[PDB]
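Encoded as structure tokens, the structure appears first; notes follow it.
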Amino acid sequence: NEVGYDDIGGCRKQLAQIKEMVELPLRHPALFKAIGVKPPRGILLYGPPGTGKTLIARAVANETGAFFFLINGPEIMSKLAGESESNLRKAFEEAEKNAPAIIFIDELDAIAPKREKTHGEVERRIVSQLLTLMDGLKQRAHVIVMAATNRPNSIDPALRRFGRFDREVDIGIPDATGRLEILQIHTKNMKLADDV
Amino acid sequence: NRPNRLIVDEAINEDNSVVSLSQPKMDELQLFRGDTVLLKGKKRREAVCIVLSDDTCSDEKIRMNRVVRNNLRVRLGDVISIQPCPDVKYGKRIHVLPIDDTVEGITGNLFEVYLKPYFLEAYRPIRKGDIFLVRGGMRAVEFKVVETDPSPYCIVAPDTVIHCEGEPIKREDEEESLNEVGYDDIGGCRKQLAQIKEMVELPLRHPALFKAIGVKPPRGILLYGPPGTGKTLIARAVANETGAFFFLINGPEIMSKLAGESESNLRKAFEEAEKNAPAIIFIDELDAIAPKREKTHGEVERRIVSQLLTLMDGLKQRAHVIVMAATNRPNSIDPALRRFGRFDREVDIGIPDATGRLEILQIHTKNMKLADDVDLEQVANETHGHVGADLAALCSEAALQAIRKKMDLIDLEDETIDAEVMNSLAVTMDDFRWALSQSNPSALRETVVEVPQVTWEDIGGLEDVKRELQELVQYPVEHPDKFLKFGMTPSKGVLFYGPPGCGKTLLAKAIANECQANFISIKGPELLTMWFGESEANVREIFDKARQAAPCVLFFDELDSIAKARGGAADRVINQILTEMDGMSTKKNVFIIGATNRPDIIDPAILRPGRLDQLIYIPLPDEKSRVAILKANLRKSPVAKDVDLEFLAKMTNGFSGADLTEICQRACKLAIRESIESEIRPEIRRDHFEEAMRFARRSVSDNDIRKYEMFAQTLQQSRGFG
Amino acid sequence: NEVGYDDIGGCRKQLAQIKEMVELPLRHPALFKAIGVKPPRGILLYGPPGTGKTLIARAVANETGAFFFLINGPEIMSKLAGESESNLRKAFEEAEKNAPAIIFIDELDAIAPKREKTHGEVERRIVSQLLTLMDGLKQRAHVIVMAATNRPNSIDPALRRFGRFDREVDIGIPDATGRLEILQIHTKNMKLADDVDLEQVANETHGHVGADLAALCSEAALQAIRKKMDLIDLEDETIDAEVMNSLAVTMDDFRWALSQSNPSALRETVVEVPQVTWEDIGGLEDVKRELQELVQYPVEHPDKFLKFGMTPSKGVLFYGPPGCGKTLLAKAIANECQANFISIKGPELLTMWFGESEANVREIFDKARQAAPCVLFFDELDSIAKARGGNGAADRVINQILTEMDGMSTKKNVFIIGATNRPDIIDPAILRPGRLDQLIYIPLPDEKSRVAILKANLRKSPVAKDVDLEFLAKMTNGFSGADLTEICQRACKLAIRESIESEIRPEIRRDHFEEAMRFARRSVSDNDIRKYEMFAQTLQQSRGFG
Ligand SMILES: Nc1ncnc2c1ncn2[C@@H]1O[C@H](COP(=O)(O)OP(=O)(O)OP(O)(O)=S)[C@@H](O)[C@H]1O
Ligand SMILES: Nc1ncnc2c1ncn2[C@@H]1O[C@H](COP(=O)(O)OP(=O)(O)OP(O)(O)=S)[C@@H](O)[C@H]1O
Ligand SMILES: Nc1ncnc2c1ncn2[C@@H]1O[C@H](COP(=O)(O)OP(=O)(O)OP(O)(O)=S)[C@@H](O)[C@H]1O
Ligand SMILES: Nc1ncnc2c1ncn2[C@@H]1O[C@H](COP(=O)(O)OP(=O)(O)OP(O)(O)=S)[C@@H](O)[C@H]1O
Ligand SMILES: Nc1ncnc2c1ncn2[C@@H]1O[C@H](COP(=O)(O)OP(=O)(O)OP(O)(O)=S)[C@@H](O)[C@H]1O
Ligand SMILES: [Cl-]
Ligand SMILES: [Cl-]
Ligand SMILES: [Mg+2]
Ligand SMILES: [Mg+2]
Ligand SMILES: [Mg+2]
Ligand SMILES: [Mg+2]
Ligand SMILES: [Mg+2]
């Protein structure tokens, strides 16, 4: 019942790209340590709501078998100034401990929205906290930070720089074929009539 | 001074065992390009290399790669004593060993992979205690010479028996690493990296001399440019190359800590930097700490900016510290930092040009075994909007492609892959095209500043205009002597005007190429695109970009589109361009060219003396010129011998150069039809040209011409009553 | 080596004012107590960055020997809450104790920027603290509070009230003479080569301030050093005095320094005496005298106008065909009077933000009012007239210039000159009596003038003997002064091409002029002339229906 690539439809190409970027670095972690080449750090997934971004993230985690630490945007930003930055540190720390791992920051725009829009010292501090943590992965542990947002142009441009969320995947609305594909996945447990 | 003393300079010959002396010096020491010399540096250490000739190398300096430079324990801008060494003779045995951290990851046959081809037929003149670097298998390993048999120095002839003792060795304390950043890891920033080297080298390398002179050195050096241009790289490079202490202040890292902790870290940074003088404080991502004071609400944030300013003004200590800073946006920085005594010096590290990109590609393909079909010059050439980091990612991705496919079976289950495979693994030109497909360029939207690749040979006819253009731009740059002796100051700007598609845009680029001067092209619609409020501060940014890139030609193309938009925003832009033209001092070698397909609506203000007062009229091409255009367009195409380009020019005595180019394409588009449909020997012959000519295209009517000729004689009179 | 009045150039008149304000209260504190008269409390120094504001303050301190407490703006605002206001207190307290004293608040705009601009409370509170401390000087214990800013506007107006910062000094950018001065101050310790012409430096160094020139001298020196460095020693921790004397700074080194020259302040509205003279203008002799009677007389002979019962006219309007010396005349008359001169071009007025376009015109008229006697020159008015109808913002600006015109009292030595190549669209409001009512028509040059122009432009150029400028003038009838300069430029360009191609030594000779005349053009059509001739008479009636 757990999520897998078979639970995803309409994102064939995108799911492939994410498979390339992600697949080698985790079961080839000692290999990358041997090669010396730089793999991706942050893979940003954007598209309108209910497109399957949170789905794809959880799928890649279970299909590759990597450790999975979910960072829900709103959940962080609901807590006090201490807890917010603290939980960000704990997540990156525990993710590095259980490498290979995928840190999924869902609804990233909630944590690090356009700095022009941001007000208050605490919020700007949390963004800076995340930027440092992303830069912290340049230690080149076996860790990948996936992230999702409904609005790419809402994200603080600081996150889109090199070494941070440097790769992006446009997971858009499905076309006619994609919708047929998705319908099949959700009717695979139902007994359909012939006229359907 | 005896000839035996020279100063260390950068290396043109990227080889390890080599130095370069100028020919005048070469023959002076009576030692020849073939012989082996002994280098004696500081710390009472030595090294052996093959000396060679450089035309560029000034006689008093000696070019040596960073490896030799490291073994001598010397930096760029230090003196060493060279002397001939005929004492050296062929080698019997050699005992090298890899350094531990340069091999952490791999294991296997280092001899066959690294040492064997490195010394293959190379007759390298080594030395005991030397540390050399071998690149292969997508990494660079460092070995140190522990022992030789004709010790301590000997040559590695093909008969020389190369021994490997057993186990990798630890790193010595005083021995720097070669994986560390240096000027050799930076490309595309020749001119900019030169400036910074001049600013920083004197106060840091010889601080005592600057204390004695009394003259004021540079306090703050602000680096700007788009993301991934290598600002952090250049800063970290100058640190290791000058050998100064390096305290990194990371913007976000400071601002990620609590209120007082940020200001406390700022102090400790300047404190420890001052303590360990000479030093370089590098404030990376400065705009995170010191954005415009208006742009920031809150109290703490404003307090942190003020803290930085006080620390910056605290260089009254002058204890030999240089504060470098990097931002991706100058106008974000609080202007209070630009004041004298703070960040008073600036360096525009822009996006690399075609040559610069080729450089960078060569830097990130250093450790890879490229296939022969790989043409990096083509990669660079078809890479318009990439930055240093993009190219570094491009090479890295192309490598990951070669890896994952020739992975095939490999083993994977085995925790590590040996050096035999990685060396045999090659990166095809195909892999680069695949990596280029997934290319996400960082700086496409950025206005470009480079030397145009267009030449006179691409422009058919207009031989008169070409020559007048040479007088206006090239002479005042290449012969200031005459103009000062004649008592005249040159004209600043030109205006191209005439029918559409007759080579106005080409001429603008073509002259910039003739002078090998920088070139900037702002098209009318680009100006009308700008956000209204920022529009003004961005026009100012253009003229600054052109002022710094001098000698440069600032080209305002497609001015007619702005003239239409006026008769609101279009008004403010031009009136500011007029204002910026006046501010442009004639002595700055910034020459402003304007162009428009419509002289009937130019703001006469642009035509005022002192501004664009050189009104050059570019008409439709006469028969002779049309043939030159047709040949210029079919230059790179396989045309049949049967085609009569002359006759083609006879018939079309009303066609613009834009038409003739379209006609040549149309005929080509038909030839491609044949090549795909029938697989015929691919060649564009006559019957394509004739059919393409049958339908024809006259992009400039007769009435249009009459008007243009009327303006060719009356345009200067547009400043009075129209 | 400490700072003194001898270390300051270009600020002659300003430095004299500060001296007058400060000398009596500081050098004679006992005397001023006995009088009961009130001395100046606060002196505000404004001007762009690097003009020598901090310098002058530190200079006045040492020269008067007064106690000196430096209040660094950024330093205060970098400290914590109360520690800021607490230090402001101590600064005044300690200054009052050791009277006579000078408190210098450098970068005042950091402490007390626009009380509306600031966000928060601790900031507004620090401003309040300052206003109290300034008002707290009612102890009067001979303390003078100097202050420096680049933003004369951004300072909360509360500070510029009476009893606080009641006196202000515009230490603006230096002019040609001022830059020469500063260059001599910083080349004071260098051994200059004979080919070094610091006058040439000062003149082609338009937009530099004191800090720029100081760096420019430093630049030329460090380059001359790096040269003869060559061998030197370096390994030796110090260089001896013998070498340093043999070191010379060539004019070439200054030219290399001028190559890397980034001028700090450009487009900063310049206020200086123009170097243009009547000799630079061919012809117009009648208009030249007319300009004197309007400008020279009322400033040099006020007794006459007062006794005659008439008040002089305020402004002039130059109108006529393009390129006939309207800009030159404006600069010329100002130079003759040796009065300051401000040239605002039409486009410069259309550049500003909509909001700034009003508050910045006031700045102009204020800058002219203070630099009196001054010639305020509004050049290229035609470019504005076009931006109103299309022949929004231009409307607001002109109405502002009109309001500013009327408001300026005639008893001030400010003289306004407007100019335009097009009187067919000039705002009639500008032409109403009391404004630019002196309508001067400047036509194309007559034959006599054309010769004068030709000689004026070829003055510093190597023209051959056989060249006949009088014949050349006879041929160029309907040509303007701008055209004749272009023909000269065209002819000179040909002579240069010959010089490079053949190395015949520089002689712009006959056939060069002949070919330049072959391609020569008339920039003012006949029809255009007839119109200008009509407006030479009927422009008076443009305020009616017309
Ligand atoms: N491509 C897909 N194939 C099958 N089901 C999908 C797909 N995309 C979304 N869904 C369904 O949508 C639900 C989950 O969508 P989510 O991934 O959580 O939405 P989202 O992309 O994260 O958008 P937001 O920003 O969280 S509202 C599940 O019921 C999925 O089955
Ligand atoms: N000019 C360059 N020449 C060669 N390689 C470069 C260059 N610039 C960047 N790179 C490569 O890309 C990487 C990025 O360098 P950075 O110094 O981080 O760029 P950056 O300008 O500092 O990015 P910012 O300012 O943090 S957004 C380097 O480590 C190199 O691998
Ligand atoms: N003299 C010429 N020689 C070679 N190609 C020319 C020539 N003139 C025009 N062209 C072609 O016309 C195209 C446009 O060149 P331009 O310099 O931009 O002409 P233009 O005066 O700017 O007219 P437009 O408005 O750009 S079409 C180029 O791509 C050329 O291929
Ligand atoms: N009028 C001047 N005469 C001689 N030297 C000057 C002059 N103005 C500036 N300088 C030089 O440039 C430096 C500028 O120093 P400052 O006194 O700090 O100028 P400033 O106007 O206070 O700078 P700002 O406004 O705070 S950016 C001085 O140290 C001088 O060396
Ligand atoms: N009477 C003159 N004597 C000498 N040169 C003149 C004369 N009139 C015009 N010129 C030339 O024309 C140039 C401009 O002079 P201006 O005073 O600006 O004329 P104008 O009436 O303002 O016309 P424009 O539109 O500015 S060219 C000068 O630099 C001279 O080169
Ligand atoms: Cl226009
Ligand atoms: Cl008007
Ligand atoms: Mg979701
Ligand atoms: Mg960086
Ligand atoms: Mg074009
Ligand atoms: Mg100052
Ligand atoms: Mg003029």
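In the structure tokens, chains take letters A, B, ... by order of appearance, with residues numbered from 1 within each chain and ligands from 1 in the order shown.
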
- Message: Show me which residues line ligand 9, defined as having an atom within 9 Å of a ligand atom where only C-alpha atoms and all ligand atoms count, and present them as a list in words.
- Response: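 So the residues close to ligand 9 are residues 161 and 162 of chain A; 227, 228, 229, 230, 231, 232, 233, 284, 285, 326, 327 and 328 of chain B.
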
- Task: Using only C-alpha atoms and all ligand atoms, determine which residues fall within 6 Å of ligand 1, then list them as a list in words.
- Result: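 The distance check yields residues 7, 8, 9, 10, 11, 49, 50, 51, 52, 53, 54, 55, 150 and 182 of chain A.
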
With N, CA, C and O atoms retained, export the selected residues as a short mmCIF file (atom, residue, chain, number, x, y, z; two decimals), in the first residue's frame.
data_model
loop_
_atom_site.label_atom_id
_atom_site.label_comp_id
_atom_site.auth_asym_id
_atom_site.auth_seq_id
_atom_site.Cartn_x
_atom_site.Cartn_y
_atom_site.Cartn_z
N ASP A 7 2.36 4.06 -8.51
CA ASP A 7 1.24 4.85 -8.02
C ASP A 7 1.19 6.23 -8.66
O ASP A 7 0.32 7.04 -8.36
N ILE A 8 2.15 6.49 -9.55
CA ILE A 8 2.28 7.79 -10.20
C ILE A 8 2.04 7.67 -11.70
O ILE A 8 2.56 6.76 -12.35
N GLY A 9 1.25 8.60 -12.24
CA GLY A 9 0.96 8.62 -13.66
C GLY A 9 0.89 10.04 -14.19
O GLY A 9 0.57 10.98 -13.45
N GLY A 10 1.20 10.20 -15.48
CA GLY A 10 1.17 11.51 -16.11
C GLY A 10 2.49 12.25 -15.97
O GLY A 10 2.66 13.32 -16.55
N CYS A 11 3.41 11.68 -15.20
CA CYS A 11 4.72 12.28 -14.98
C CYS A 11 5.83 11.32 -15.40
O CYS A 11 6.87 11.24 -14.74
N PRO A 49 -1.22 22.87 -7.22
CA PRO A 49 -1.57 21.98 -6.11
C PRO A 49 -2.19 20.66 -6.57
O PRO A 49 -2.90 20.64 -7.58
N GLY A 50 -1.92 19.59 -5.84
CA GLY A 50 -2.51 18.29 -6.13
C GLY A 50 -2.00 17.68 -7.43
O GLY A 50 -2.75 16.98 -8.11
N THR A 51 -0.75 17.94 -7.76
CA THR A 51 -0.16 17.45 -9.01
C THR A 51 0.63 16.17 -8.80
O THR A 51 0.86 15.40 -9.74
N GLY A 52 1.06 15.94 -7.56
CA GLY A 52 1.75 14.72 -7.20
C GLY A 52 3.19 14.94 -6.79
O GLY A 52 4.03 14.05 -6.96
N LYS A 53 3.49 16.12 -6.27
CA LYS A 53 4.85 16.45 -5.86
C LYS A 53 5.22 15.74 -4.56
O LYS A 53 6.28 15.11 -4.47
N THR A 54 4.37 15.86 -3.55
CA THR A 54 4.57 15.15 -2.30
C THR A 54 4.56 13.65 -2.55
O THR A 54 5.27 12.89 -1.89
N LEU A 55 3.74 13.23 -3.51
CA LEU A 55 3.64 11.83 -3.90
C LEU A 55 4.96 11.31 -4.47
O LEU A 55 5.48 10.29 -4.03
N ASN A 150 4.23 25.22 -4.82
CA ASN A 150 3.20 25.48 -5.82
C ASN A 150 3.60 26.65 -6.71
O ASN A 150 3.09 26.81 -7.81
N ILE A 182 -3.76 8.26 -14.78
CA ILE A 182 -4.08 8.45 -13.37
C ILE A 182 -5.39 7.77 -13.00
O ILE A 182 -5.50 7.17 -11.93
#

- Task: Residues of chain B no more than 9 Å from chain A, counting only C-alpha atoms: send them over as JSON, numbers by chain.
- Result: {"B": [103, 104, 105, 106, 137, 138, 139, 227, 228, 250, 251, 252, 253, 254, 255, 256, 257, 258, 259, 288, 295, 296, 297, 298, 299, 300, 301, 389, 390, 393, 396, 397, 399, 400, 404, 412, 413, 415, 416, 417, 418, 422, 440]}

Selection: 9 Å around residue 132 (chain B), only C-alpha atoms, excl. self and same-chain fewer than 4 positions, as a CSV table (one decimal) with C-alpha atoms, in the first residue's frame:
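To be explicit, this is the file written out as result19.csv:
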chain,number,residue,atom,x,y,z
B,16,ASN,CA,54.7,20.1,-14.4
B,17,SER,CA,58.4,19.6,-15.1
B,67,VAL,CA,53.5,22.4,-8.7
B,68,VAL,CA,57.1,23.6,-9.0
B,71,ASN,CA,58.0,22.6,-4.1
B,126,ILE,CA,62.8,15.0,-11.1
B,141,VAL,CA,46.7,12.3,-7.3
B,142,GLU,CA,49.8,13.7,-5.6
B,143,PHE,CA,53.0,11.6,-5.3
B,144,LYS,CA,56.2,12.6,-3.5
B,145,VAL,CA,59.7,11.5,-4.5

- Any chance you could list, as a PyMOL selection string, the residues in chain A that come up helix (DSSP H, G or I) when DSSP is run on the backbone? chain A and resi 5-7+12-27+29-35+53-64+73-76+81-97+108-110+121-139+152-154+157-160+176-186
